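Student: My questions all concern the structure below.
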Amino acid sequence: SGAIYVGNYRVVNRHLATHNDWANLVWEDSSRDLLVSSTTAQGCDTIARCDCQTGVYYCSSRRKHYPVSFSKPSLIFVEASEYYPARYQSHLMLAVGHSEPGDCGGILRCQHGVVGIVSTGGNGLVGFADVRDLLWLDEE
Ligand SMILES: NC(=O)[C@H]1CCCN(C(=O)[C@@H]2CCSC2)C1
Ligand SMILES: [Zn+2]
């Protein structure tokens with residue numbers, strides 16, 4: 001579990017969104033595994049606006065932050081699960097690292113701010129949903 005809290009927005013994995021998220025919806029995209037809902041309180045996270053390919057992510061199944069090298073946001077095949085049929089998830093970045101069920105929502109960050117959230121794992125790989133292109137998260 002986990003979210004990004006920037007301005008009056010809450011960014012979560014679409015497959016983990018709550019009823020309150022859907023009832024206060026700003027934007028969602030199944031192909032990216034992202035959903036954004038509105039918040040009453042202002043958040044403290046800042047979004048990175050950069051092309052970093054190195055950063056640090058939080059792994060809840062290890063209670064640890066790990067430094068990783070990750071690929072550029074791309075269209076990657078994701079195996080069928082209880083949450084989506086086999087498909088291609090867009091704007092996904094892969095790294096070598098531990099990710100298992102319970103880990104979606106952990107933040108990936110760089111020197112500039114939050115880069116994205118854990119969206120996949122298994123096989124010694126971790127996949128992150130990028131948010132750096134969502135410029136509207138920084139305003140209104
Ligand atoms: N982004 C996806 O399609 C996710 C949905 C949940 C299932 N996915 C996973 O990778 C599992 C949970 C973390 S380790 C294995 C794919
Ligand atoms: Zn950066």
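If you go along the chain as it appears here, the first residue is 1 and each next one adds 1.
Looks like X-ray crystallography, 1.2 Å, at least that's what the header says.
For all residues, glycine too, the Cβ spot is worked out from N, Cα and C.
Just lifted these from Swiss-Prot, have a look:
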ACT_SITE  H15  active site, for protease 2A activity
ACT_SITE  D33  active site, for protease 2A activity
BINDING   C50, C52, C110, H112  Zn(2+) 1 binding site
ACT_SITE  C104  active site, for protease 2A activity
Student: Near ligand 2, which of the recorded positions show up if the criterion is a Cβ under 6 Å from one of its atoms? Options: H15, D33, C50, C52, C104, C110.
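Tutor: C50, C52, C110, in sequence order.
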Student: Running a distance check here. Ligand 1 versus the recorded positions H15, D33, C50: which have CB less than 6 Å from one of its atoms?
Tutor: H15, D33
Student: So which other residues, same chain and not among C50, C52, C110, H112, have a Cβ within 8 Å of the centroid of the Cβ atoms at the Zn(2+) 1 site?
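Tutor: Near the Zn(2+) 1 site, the remaining chain residues are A48, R49, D51, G55, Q111, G113, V115, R132.
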Student: Express the distance between the Cα positions of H112 (Zn(2+) 1 binding site) and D33 (active site, for protease 2A activity) as a whole number of Å.
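Tutor: A Cα-Cα distance of 23 Å.
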Student: Work out how many Å separate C110 (Zn(2+) 1 binding site) and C104 (active site, for protease 2A activity) at their Cα atoms, rounded off.
Tutor: 18
Student: Considering Cα atoms only, can you say which of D33, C50, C104 is the nearest neighbour of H15 (active site, for protease 2A activity) among these recorded positions?
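Tutor: Out of the listed candidates, the nearest Cα belongs to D33.
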Student: Work out the three-state DSSP category of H15 (active site, for protease 2A activity).
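Tutor: For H15 (active site, for protease 2A activity) - judged by DSSP and reduced to three states - the answer is helix.
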